Structures are given as C-alpha cells and as structure tokens.
Amino acid sequence: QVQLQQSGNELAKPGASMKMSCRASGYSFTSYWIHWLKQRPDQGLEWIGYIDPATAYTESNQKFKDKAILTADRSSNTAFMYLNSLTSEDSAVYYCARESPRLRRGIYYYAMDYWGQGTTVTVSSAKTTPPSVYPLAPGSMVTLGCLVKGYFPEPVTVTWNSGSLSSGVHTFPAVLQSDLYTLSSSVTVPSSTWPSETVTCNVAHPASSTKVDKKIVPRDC
Amino acid sequence: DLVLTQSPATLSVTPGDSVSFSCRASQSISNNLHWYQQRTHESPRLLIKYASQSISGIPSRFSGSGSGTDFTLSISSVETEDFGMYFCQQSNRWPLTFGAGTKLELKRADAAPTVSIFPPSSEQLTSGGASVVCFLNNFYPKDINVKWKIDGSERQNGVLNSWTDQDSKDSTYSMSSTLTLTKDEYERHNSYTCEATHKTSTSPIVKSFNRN
C-alpha cells in the first residue's frame, strides 16, 4: 500500500522558478531515498538526483547541479524539488520514485520500486487565450476538418455534431509552438450525406470558458 | 561516458509471440542493470533488477539474462497488457542512466494512408494567416515521411506535425501536418503539395492543389 503523491501540473513563465512536491505514505519516510526523474516528450528518461530524508544528503546528476535543488521534510513526509531559471527545455513530466530496500547496510540496488504519478510542467509565457476554430472543407467517403489554433492552456474538447458523429473521427494531440497550442481533428462521412446533411465541430476550451460551434460549409471557389 | 544502446527501437508483434529486447553497454557494468516497463498513461514500473532477478508479482514470462555489456529481456508468449515501452537502466556508476526505450506494438497488415489536403479557409485568410492542412489517416506501419512543396519546391519551416497513437480498433496510425504561412507568402505562390513516403508505395504518395 506504498504511495507517492506528487503536486498537480503547472504552468510557468520562462526564467521563473518552481517547486514540486512528492508526499509519501505507507512506509517509514526516513528509511528510503527518494529519486527524481525527468521524462522528455521523446520519452527519454533522465535521472536528476536523490535525497536521503534521514540525512538531507543529496546526490545529483552533474547536468542539473545548479538547476535543481532537492529537500525533504520529515514533519510532512514530503520531498520537494526546486527548478530554477525555467526555460523551454524544462518542459517535461517529472517523477519521484523510491529506492528499493538495501541489499545490506550501505549497499544499494539503485532500482526504483515505487513511482509517483508524475507532474507535468509547461514553460510558456502565454495567457489563457481562447482558440480560433477554422473549418477545413474539401476542394465515396469525404473527409472534413477543424483547425483549433492559438490557444492556451490545454485542454480543448472537440466533438462532431455534439457527439452524434463518433465514428471515423481522429483528433490529433495538441502541439505547442510559439508558446501557443494548435490542434486539429478530422472526420470522415459518406459523400451521400454531405453537404446534404449538416456537419459541425464543437470546440470547448474550459480555461477561457469559451465554447464554439463551427459548421463545415463547402468552399464554392 | 557509459552509453546504453537498446535495440530495436520498435518491435511489432502478435499476442502469443516471443520477443527479446537487447540493451548493450559501451563498457562492462557487470550485472548492474534493471528493466522497466511503461504502458501509456502510466508511470514506469520495475520489472527486473540486477539483470536477472524478477520482482515480486512480475509474471513469469518476463525473463532477464545477461552480464558485462550485453543484456536481454525476453517475454515468452506476449499478452496484450505487455504492450508499451521497455527501458533498461545501469546502476554501475554516476549519473544513473537509461536507454532510449523499445516500443512493443501490435502488428497488423500494411495499410496505405488515406490522404486529404485542405486549402486555407477564408475565415483565417481575412486575419492575415494561411494554414494548409494535410491529413494522413489509418496507415501501417508507423514510419512515414511527409514533405511539403510549394510550387515544386521544399519548405522546411512553419510545419507542425502530430501523430495519434496506435488505434485500439484497427491498430493503424494517423497523422496531420500543417504548413502555416503568411496571407502574403501564400499568395506569392500557386501550387501546394503534401508529399508522403510509406512502406506501401515505392513512389511518393501525393496530394496537391493550386489556389484556383
């Protein structure tokens, strides 16, 4: 019943500083090291360092020596990690994990046995900007689309015909660029239903509390 | 300068098959090597430590062997919940490092992509922007290369690509590529082309349009 609970996701402006938390429960907090790892979008895992709560002793990866700072608090069974000068490359998912039981006194496996759920972090200097929804109309089956451009922050909820159209739908993951997100979604219907029958994509961006409906009309040019 | 090399990067298989991932060290690290598994939307999970010692509840089909500079993780009779990413980690020296991973995906028959190209919508041009979108849906395998041509020429910048993960129903992949321009640039030229190369065709798969 061991458990590691990390703070919630977070947005941060460049150059800023950040402090994540990893609360432990289910085992003696001071008896085990807590490791910190970074998983980059390409899925690459990097080891940042570890903290020994019983000693406050720290071992860190040479690559994050002056960028990350680990501390713990016995009183709250929580480990923390502070990221300084937050640049764009610092956007990733960060994990805390427990070192497994030692082999013998002072001899360890350096194998993490219990992990936290992860805490995403996006470094963008943008403001909660609603998106511009553009219709993608073609020039047996037909493919239509919607471009949800320039929003922040995630997520957006795209649907087709309020949900009546669920089959033949592809909604691509959002990609961040110029501190702003861009997503797109496609749907394929029989050519014997469009433009005969109406098709529209419904885009909801909770952060702006904006909801939008865009009808896909054939381009006459 | 201890580099860990995992191969192959992707392993395409059917349930019931047997596979073995390789993880090689650029220097002898004895048996100081552990294996992890990461399924989508989940955090890594320890599978094997010290090259060969399996962890408590790890199904017996997972077997690790190796020593020195060569390690191998095998799964005899792969089940469907074994699909995901597998990483090896050295614990020989500092800093601790991981290999790049090996993805295990579900194999299926090759499928050519259905391609669609869309010119900018008037609604966006009026705001001074021009985004040309190209959808490449339901193909397999995963590897695909998309190139953008404007009047028979290549454009490297302003291109946003996004991929879906393997589909649960038909196991194919999909991708969308957007080329974002200036209402200006967009009007200097006339022919816009989405070009793709995939296993299913020796010649480029093309979709194009002139703004006429």
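Letters go in sequence order (proteins before strands), and every chain restarts at 1.
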- State plainly whether the residues A/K38 and A/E89 are in salt-bridge range, i.e. N to O under 4.0 Å. no

- Tell me, do B/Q6 and B/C88 make a side-chain contact under 4.5 Å, heavy atoms counted? yes

- What do you reckon, is CZ of B/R108 surrounded by more than 12 foreign heavy atoms closer than 6.0 Å? yes

- Message: Please evaluate residues B/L4 and B/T97 with respect to the criterion side-chain contact (heavy atoms from CB on, under 4.5 Å), reporting the C-alpha separation (whole Å), side-chain torsions for both, the decisive distance (0.1 Å), and the verdict.
- Response: CA-CA 8 Å; B/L4 285 166; B/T97 53; 4.0 Å; yes

- For residues 124-150 of chain B, pull every pair meeting salt bridge (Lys or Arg N to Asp or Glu O under 4.0 Å), keeping only residues two or more places apart or in separate chains. B/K147-B/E154, B/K147-B/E195, B/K149-B/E195

- Item | Contacts of B/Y50 that satisfy side-chain hydrogen bond (donor to acceptor under 3.5 Å, both in side chains) - sequence neighbours left out | none

- Query: Looking at residues at least two apart in the chain, or sitting in another chain, which of them share a side-chain hydrogen bond (donor to acceptor under 3.5 Å, both in side chains) with A/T188?
  - Reply: A/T143

- Task: Begin from the C-alpha positions of B/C23 and B/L73 and carry the test side-chain contact (heavy atoms from CB on, under 4.5 Å) through to its verdict.
- Result: CA-CA 8 Å; B/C23 169; B/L73 165 67; over 6 Å; no

- Message: Under a 4.0 Å threshold between the charged nitrogen and the carboxylate oxygen, would B/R39 count as salt-bridged to B/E42?
- Response: yes

- Could you tell me how the ring of A/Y181 sits relative to the ring of A/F152: parallel (under 30°), tilted (30 to 60°) or perpendicular (over 60°)? parallel

- Are A/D42 and A/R40 ion-paired here, with the side-chain N under 4.0 Å from a carboxylate O? yes

- Query: What heavy-atom pair brings B/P119 and A/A137 nearest, and what distance separates the two atoms?
  - Reply: CD-O, 4.1 Å

- Message: Less than 4.5 Å apart, side chain to side chain, heavy atoms only: is that true for B/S174 and A/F172?
- Response: yes

- B/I144 and B/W163: which non-hydrogen atoms are nearest, and at how many Å? CG2-NE1, 3.9 Å

- Go through the side-chain N and O atoms of A/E99 and A/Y114 and say whether any donor and acceptor fall under 3.5 Å apart. no

- Query: Is the distance between the ring centroids of A/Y57 and A/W33 less than 6.0 Å?
  - Reply: no

- Evaluate the ring planes of A/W47 and A/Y50, with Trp represented by its six-membered ring, and classify them as parallel (under 30°), tilted (30 to 60°) or perpendicular (over 60°). tilted

- Go through the steps to decide whether B/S177 and B/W148 satisfy the test side-chain hydrogen bond (donor to acceptor under 3.5 Å, both in side chains), and finish with yes or no. CA-CA 9 Å; B/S177 188; B/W148 278 102; 2.9 Å; yes

- Message: Just by distance, no angles: are the side chains of B/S171 and B/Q166 close enough, under 3.5 Å, to form a donor-acceptor pair?
- Response: no

- Message: Quick one, B/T102 with B/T10, criterion side-chain contact (heavy atoms from CB on, under 4.5 Å). Give me CA distance, side-chain angles, the key distance, then yes/no.
- Response: CA-CA 5 Å; B/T102 287; B/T10 303; over 6 Å; no

- Donor-acceptor contact present, side-chain B/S26 to main-chain B/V3, <3.5 Å: yes

- Checking side-chain hydrogen bond (donor to acceptor under 3.5 Å, both in side chains) for the pair B/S176/A/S184: CA distance, chi angles, key distance, verdict? CA-CA 8 Å; B/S176 67; A/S184 65; 3.2 Å; yes

- Item | Salt bridge A/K211-A/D213, side-chain N to carboxylate O under 4.0 Å | yes

- Task: Give the intermediate values and the outcome of side-chain hydrogen bond (donor to acceptor under 3.5 Å, both in side chains) for residues B/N32 and B/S30.
- Result: CA-CA 6 Å; B/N32 304 155; B/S30 183; 4.7 Å; no

- A/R74, CZ: over 12 other non-hydrogen atoms inside 6.0 angstrom: no

- Message: Please tell me whether B/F135 and B/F118 form a close aromatic pair, meaning their ring centres lie under 6.0 Å apart.
- Response: yes

- Residues in side-chain hydrogen bond (donor to acceptor under 3.5 Å, both in side chains) contact with B/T200, at least two apart in sequence or another chain: B/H198

- A/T210 side chain to A/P130 main-chain N or O, any donor-acceptor pair under 3.5 Å? no

- Would a 4.5 Å heavy-atom cut-off, applied to side chains only, mark A/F80 and A/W36 as touching? no

- Any idea which heavy atoms bring A/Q117 and A/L4 closest together, and the distance? NE2-O, 3.6 Å

- For residues A/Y32 and A/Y27, establish whether the separation of their ring centroids is below 6.0 Å. yes

- Using the six-membered ring wherever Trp is involved, compare the ring planes of B/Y192 and B/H189 and label them parallel, tilted or perpendicular (cut-offs 30° and 60°). perpendicular

- Message: Quick one, A/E10 with A/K19, criterion salt bridge (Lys or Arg N to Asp or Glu O under 4.0 Å). Give me CA distance, side-chain angles, the key distance, then yes/no.
- Response: CA-CA 10 Å; A/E10 269 175 57; A/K19 169 196 177 63; over 6 Å; no

- Please step through side-chain hydrogen bond (donor to acceptor under 3.5 Å, both in side chains) for the pair B/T164 and A/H170, ending with a clear verdict. CA-CA 8 Å; B/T164 56; A/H170 290 100; 5.8 Å; no

- Message: side-chain contact (heavy atoms from CB on, under 4.5 Å), that's the test. Do B/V132 and B/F209 meet it? Break it down for me.
- Response: CA-CA 10 Å; B/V132 201; B/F209 86 80; 3.4 Å; yes

- Task: Using the salt bridge (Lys or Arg N to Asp or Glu O under 4.0 Å) rule, collect all pairs that involve residues 106-117 of chain A, keeping only residues at least two apart or in two chains.
- Result: A/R98-A/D113

- Query: Does A/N161 use its side chain to pair, donor to acceptor, with the backbone of A/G163 at less than 3.5 Å?
  - Reply: no

- Task: Quick one: which residue pairs count as a salt bridge (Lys or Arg N to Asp or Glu O under 4.0 Å) with a foot in residues 48-64 of chain B, not counting sequence neighbours?
- Result: B/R61-B/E81, B/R61-B/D82

- Query: Do any N or O atoms from the side chain of B/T126 and from the backbone of B/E123 form a donor-acceptor pair under 3.5 angstrom?
  - Reply: yes

- Message: Looking at every non-hydrogen atom in both residues, tell me the closest pair between A/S125 and A/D179 and how far apart they are.
- Response: N-OD2, 2.6 Å

- Item | Whether over 12 other heavy atoms sit under 6.0 Å from B/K183 NZ | no

- Query: Are B/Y36 and B/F87 an aromatic pair by the rule of ring centers under 6.0 Å?
  - Reply: no

- Going by atom types alone, do A/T171 and A/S185 pair a side-chain donor with an acceptor below 3.5 Å? yes

- So, for A/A56 and A/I51, which heavy atoms are closest and what is the spacing to 0.1 Å? O-CD1, 3.7 Å

- Side chains of B/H34 and A/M112: does their closest heavy-atom pair fall under 4.5 Å? no

- Task: Keeping the roles fixed (side chain from A/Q1, backbone from A/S25), state whether a donor-acceptor pair exists under 3.5 Å.
- Result: no

- Counting distance only, does the side-chain N/O of A/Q6 pair as donor-acceptor with the main-chain N or O of A/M20 below 3.5 Å? no

- Message: Using a 3.5 Å distance criterion without hydrogens, assess whether the side chain of A/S91 forms a donor-acceptor pair with backbone atoms of A/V123.
- Response: yes

- B/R188/B/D151 ion pair, N-O < 4.0 Å: no

- Message: For a quick test of reading the model, state the closest non-hydrogen atom pair linking A/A79 to A/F29 and the distance between them.
- Response: N-CZ, 4.2 Å

